Amino acid sequence: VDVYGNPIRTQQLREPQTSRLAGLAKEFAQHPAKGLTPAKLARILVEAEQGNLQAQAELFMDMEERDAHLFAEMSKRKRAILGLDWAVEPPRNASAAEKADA
Amino acid sequence: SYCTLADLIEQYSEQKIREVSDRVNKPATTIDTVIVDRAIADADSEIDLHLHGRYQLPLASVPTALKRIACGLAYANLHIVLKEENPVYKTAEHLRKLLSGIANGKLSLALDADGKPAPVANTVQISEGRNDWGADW
């Protein structure tokens with residue numbers, strides 16, 4: 001099973017979940033940043049609070065694309081992580097089998 | 001043709017039009033249509049002189065005030081000799097004052113029958129307006 005305990009069935013792993021949702025792959029972003037006013041932004045945020053994340057996600061993408069300073073800051077922050085060396089360590093006082101698994 | 005022979009007769013009675021229009025018979029017997037037509041044309045020409053800068057020339061309709069002004073000017077034009085103190089001359093001067101007031105934008109040209117006149121596009125002109133960066137890009 002997974003960490004959360006939900007039962008795991010290997011049958012469903014052969015195909016992606018979204019494969020049976022061919023409608024999603026054909027969509028295009030609506031670009032809600034164009035012609036954006038403070039009232040529109042407030043409505044977008046409030047609607048996102050209620051479960052309509054599509055408009056918020058598209059607005060965030062436009063915001064990332066259209067602002068050079070914000071984009072540079074975010075890119076620098078992410079590249080900071082991307083350059084870190086990483087390793088996999090066994091648990092506290094792990095046994096030989098655990099060390100081999102790690 | 002802001003006024004016709006019928007309008008002149010109605011405003012000044014047929015006797016006076018006959019008296020001031022028949023120049024060859026004494027006493028007058030008939031109204032000379034050519035003389036009346038020329039007088040009306042001259043009145044219309046003066047009115048157009050006054051109204052050319054604010055409205056289109058070939059008006060499709062005749063406002064009522066325009067009819068009164070044209071009738072007065074046409075009657076004043078039918079007098080070969082017109083002195084200063086003649087009351088017809090004073091009426092012509094008052095009508096010319098009305099025309100000048102209209103031209104200087106102090107009086108408006110009234111309704112013709114139900115619709116407005118057609119002002120010229122003199123005030124409309126502006127450069128064009130360059131406002132890029134304000135088209136919801």
# chains A, B, ... in the order shown; residues from 1 in each chain; ligands from 1
$ select_by_dssp --residues "range 50-118 of chain B" --states "alpha helix (DSSP H)" --output "PyMOL selection string"
chain B and resi 50-51+64-77+87-103
$ residues_around --residues "residue 55 in chain A" --least-positions-apart "6" --cutoff "10 Å" --atoms "only C-alpha atoms" --output "compact mmCIF listing (two decimals) with C-alpha atoms, in the first residue's frame"
# COMPACT_ATOMS: atom_id res chain seq x y z
CA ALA A 29 -5.46 28.56 -21.72
CA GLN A 30 -7.95 31.44 -21.54
CA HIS A 31 -5.35 34.08 -20.60
CA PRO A 32 -7.32 35.89 -17.85
CA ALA A 33 -4.51 38.40 -17.25
CA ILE A 44 -10.79 35.41 -9.45
CA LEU A 45 -9.21 34.92 -6.03
CA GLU A 47 -13.79 32.02 -6.82
CA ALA A 48 -10.54 30.08 -6.47
CA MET A 61 0.77 31.41 -15.55
$ atom_distance --atom1 "CA of residue 96 in chain B" --atom2 "CA of residue 77 in chain B"
13.0 Å
$ interface_residues --of "chain B" --to "chain A" --cutoff "10 Å" --atoms "only C-alpha atoms" --output "PDB file with C-alpha atoms, in the first residue's frame"
ATOM      1  CA  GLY B 134      -4.425  51.167 -23.887  1.00  0.00           C
ATOM      2  CA  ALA B 135      -6.207  48.484 -25.918  1.00  0.00           C
ATOM      3  CA  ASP B 136      -6.316  45.642 -23.358  1.00  0.00           C
ATOM      4  CA  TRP B 137      -3.180  43.893 -24.584  1.00  0.00           C
TER       5      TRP B 137
END
$ atom_distance --atom1 "CA of residue 69 in chain A" --atom2 "CA of residue 132 in chain B"
23.5 Å
$ closest_residue --among "B:79, B:16, B:68, B:52" --to "residue 120 in chain B" --atoms "only C-alpha atoms"
B:52
$ atom_distance --atom1 "CA of residue 76 in chain B" --atom2 "CA of residue 63 in chain B"
20.1 Å
$ residues_around --residues "residue 108 in chain B" --least-positions-apart "6" --cutoff "12 Å" --atoms "only C-alpha atoms" --output "PyMOL selection string"
chain B and resi 51+54-55+63+65-66+98-102+116-119
$ decode --residues "range 10-25 of chain B" --atoms "N, CA, C and O atoms" --output "PDB file, in the first residue's frame"
ATOM      1  N   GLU B  10     -50.542  84.258 -48.851  1.00  0.00           N
ATOM      2  CA  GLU B  10     -51.132  84.027 -47.538  1.00  0.00           C
ATOM      3  C   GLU B  10     -50.615  85.028 -46.514  1.00  0.00           C
ATOM      4  O   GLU B  10     -51.374  85.504 -45.663  1.00  0.00           O
ATOM      5  N   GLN B  11     -49.323  85.358 -46.575  1.00  0.00           N
ATOM      6  CA  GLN B  11     -48.738  86.252 -45.581  1.00  0.00           C
ATOM      7  C   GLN B  11     -49.092  87.713 -45.838  1.00  0.00           C
ATOM      8  O   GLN B  11     -49.312  88.471 -44.888  1.00  0.00           O
ATOM      9  N   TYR B  12     -49.147  88.131 -47.102  1.00  0.00           N
ATOM     10  CA  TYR B  12     -49.339  89.533 -47.452  1.00  0.00           C
ATOM     11  C   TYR B  12     -50.593  89.789 -48.271  1.00  0.00           C
ATOM     12  O   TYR B  12     -50.748  90.892 -48.805  1.00  0.00           O
ATOM     13  N   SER B  13     -51.484  88.808 -48.401  1.00  0.00           N
ATOM     14  CA  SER B  13     -52.706  88.984 -49.176  1.00  0.00           C
ATOM     15  C   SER B  13     -52.379  89.090 -50.660  1.00  0.00           C
ATOM     16  O   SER B  13     -51.338  89.633 -51.036  1.00  0.00           O
ATOM     17  N   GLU B  14     -53.269  88.577 -51.508  1.00  0.00           N
ATOM     18  CA  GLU B  14     -53.029  88.565 -52.945  1.00  0.00           C
ATOM     19  C   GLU B  14     -53.008  89.964 -53.549  1.00  0.00           C
ATOM     20  O   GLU B  14     -52.298  90.184 -54.537  1.00  0.00           O
ATOM     21  N   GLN B  15     -53.753  90.913 -52.977  1.00  0.00           N
ATOM     22  CA  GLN B  15     -53.796  92.262 -53.531  1.00  0.00           C
ATOM     23  C   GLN B  15     -52.425  92.927 -53.481  1.00  0.00           C
ATOM     24  O   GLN B  15     -51.992  93.549 -54.456  1.00  0.00           O
ATOM     25  N   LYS B  16     -51.731  92.818 -52.347  1.00  0.00           N
ATOM     26  CA  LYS B  16     -50.436  93.477 -52.215  1.00  0.00           C
ATOM     27  C   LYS B  16     -49.396  92.842 -53.128  1.00  0.00           C
ATOM     28  O   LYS B  16     -48.563  93.545 -53.715  1.00  0.00           O
ATOM     29  N   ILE B  17     -49.420  91.515 -53.256  1.00  0.00           N
ATOM     30  CA  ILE B  17     -48.504  90.845 -54.172  1.00  0.00           C
ATOM     31  C   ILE B  17     -48.775  91.291 -55.601  1.00  0.00           C
ATOM     32  O   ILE B  17     -47.844  91.557 -56.372  1.00  0.00           O
ATOM     33  N   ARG B  18     -50.051  91.387 -55.978  1.00  0.00           N
ATOM     34  CA  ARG B  18     -50.387  91.877 -57.309  1.00  0.00           C
ATOM     35  C   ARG B  18     -49.879  93.298 -57.514  1.00  0.00           C
ATOM     36  O   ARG B  18     -49.323  93.622 -58.570  1.00  0.00           O
ATOM     37  N   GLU B  19     -50.062  94.160 -56.512  1.00  0.00           N
ATOM     38  CA  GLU B  19     -49.670  95.557 -56.652  1.00  0.00           C
ATOM     39  C   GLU B  19     -48.160  95.707 -56.784  1.00  0.00           C
ATOM     40  O   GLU B  19     -47.680  96.504 -57.598  1.00  0.00           O
ATOM     41  N   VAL B  20     -47.389  94.951 -55.994  1.00  0.00           N
ATOM     42  CA  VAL B  20     -45.933  95.086 -56.022  1.00  0.00           C
ATOM     43  C   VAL B  20     -45.268  94.207 -57.070  1.00  0.00           C
ATOM     44  O   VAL B  20     -44.047  94.313 -57.262  1.00  0.00           O
ATOM     45  N   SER B  21     -46.019  93.344 -57.756  1.00  0.00           N
ATOM     46  CA  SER B  21     -45.449  92.449 -58.753  1.00  0.00           C
ATOM     47  C   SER B  21     -45.782  92.831 -60.186  1.00  0.00           C
ATOM     48  O   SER B  21     -44.981  92.559 -61.081  1.00  0.00           O
ATOM     49  N   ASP B  22     -46.937  93.444 -60.430  1.00  0.00           N
ATOM     50  CA  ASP B  22     -47.343  93.834 -61.777  1.00  0.00           C
ATOM     51  C   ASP B  22     -46.791  95.224 -62.068  1.00  0.00           C
ATOM     52  O   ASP B  22     -47.257  96.216 -61.500  1.00  0.00           O
ATOM     53  N   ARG B  23     -45.803  95.294 -62.957  1.00  0.00           N
ATOM     54  CA  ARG B  23     -45.114  96.542 -63.251  1.00  0.00           C
ATOM     55  C   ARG B  23     -45.492  97.142 -64.599  1.00  0.00           C
ATOM     56  O   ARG B  23     -45.112  98.285 -64.875  1.00  0.00           O
ATOM     57  N   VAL B  24     -46.230  96.419 -65.436  1.00  0.00           N
ATOM     58  CA  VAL B  24     -46.515  96.859 -66.795  1.00  0.00           C
ATOM     59  C   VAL B  24     -47.949  97.351 -66.944  1.00  0.00           C
ATOM     60  O   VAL B  24     -48.238  98.147 -67.837  1.00  0.00           O
ATOM     61  N   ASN B  25     -48.860  96.890 -66.092  1.00  0.00           N
ATOM     62  CA  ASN B  25     -50.254  97.313 -66.131  1.00  0.00           C
ATOM     63  C   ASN B  25     -50.540  98.246 -64.962  1.00  0.00           C
ATOM     64  O   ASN B  25     -50.190  97.940 -63.818  1.00  0.00           O
TER      65      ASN B  25
END
